[PDB]
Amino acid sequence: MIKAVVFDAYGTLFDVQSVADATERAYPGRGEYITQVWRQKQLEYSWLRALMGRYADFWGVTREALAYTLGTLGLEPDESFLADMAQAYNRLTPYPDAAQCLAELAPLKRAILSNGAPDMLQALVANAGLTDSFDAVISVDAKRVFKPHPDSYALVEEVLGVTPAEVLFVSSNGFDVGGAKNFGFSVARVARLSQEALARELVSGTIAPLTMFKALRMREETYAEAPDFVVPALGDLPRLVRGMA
């Protein structure tokens, strides 16, 4: 019944914190801040452009989010600076177990469903050495919407020929788990932050900035349907497909 495993890209297969060395150059001493706000604003702008009916591809969203973030620090970077710096998003490091996971999943059909513009995804996947791990790398761009709009998830059937019930959708992002579940896929959430660790981290004197972002982005969202499955890592997927309901 599961004929295909479809993966979210940013934050699920690829580490969005991996732009850290490059952002710590835009503002020495503020790389950590920049990395978090940039990701947060990229997500917010994807949602707000889509809800307004004013789509622009993820490359433009990524650059607009970066401009906002650097603007908070008092900077006014020009477009050429922004485009150069935003290339960091096309070189994100894959999670260490992604390649082993994707190889052990075959012979299932393997794919990505991402907000990324087509060129961004091509570079990201190839730079990570994973182009031969996917049957299809689907961008939402043809639909002019962003996850979790249902039309973004509709592309899976269009491109792959499989129905929602035959797809295992994989994401570490709570909003994306909710959209996929809403659309009708079976969902495996990748939870890298134990709830109990976050609770204690929040209760320990200092509430650092990094903790704030973890609290906003690494949990299941309350409005959302629960994922069918939750694993701590991508490497557990193949075994999950083997014996789990």
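Residue positions are given as counts along the sequence shown, with the first one as 1.
A.B. asks: Going by the mean C-alpha B-factor recorded in the entry, which is higher: 187-195 or 214-222?
C.D. replies: Here the higher of the two C-alpha B-factor means belongs to 187-195.
A.B. asks: Report the stretch with the higher mean CA temperature factor, choosing between 143-151 and 128-136 on the basis of the entry.
C.D. replies: The stretch with the larger average C-alpha B-factor is 128-136.
A.B. asks: Would you mind checking which of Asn182, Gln42, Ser204, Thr35 has the top Cα temperature factor in the PDB entry?
C.D. replies: By C-alpha B-factor in the record, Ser204 ranks first.
A.B. asks: Please work out which residue in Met85, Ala106, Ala117, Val156 has the highest C-alpha B-factor recorded for this crystal structure.
C.D. replies: Among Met85, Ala106, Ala117, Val156, the PDB entry lists the largest C-alpha B-factor for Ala106.
A.B. asks: What third of the chain, by the recorded C-alpha B-factor, contains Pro28?
C.D. replies: Its C-alpha B-factor belongs to the highest third of this chain's values.
A.B. asks: Where does the C-alpha B-factor of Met52 rank in its chain, lowest, middle or highest third?
C.D. replies: Middle third.
A.B. asks: Within this chain, which third does the Cα B-factor at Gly74 fall in: lowest, middle or highest?
C.D. replies: It falls in the middle third of the chain.
A.B. asks: Grab the CA temperature factor for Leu113 from the record and place it in the lowest, middle or highest third of its chain.
C.D. replies: Ranked within chain, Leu113 CA B lands in the lowest tercile.
A.B. asks: Should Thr163 be placed in the lowest, middle or highest third of its chain by the C-alpha B factor in the entry?
C.D. replies: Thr163: CA B-factor falls in the highest third of its chain.
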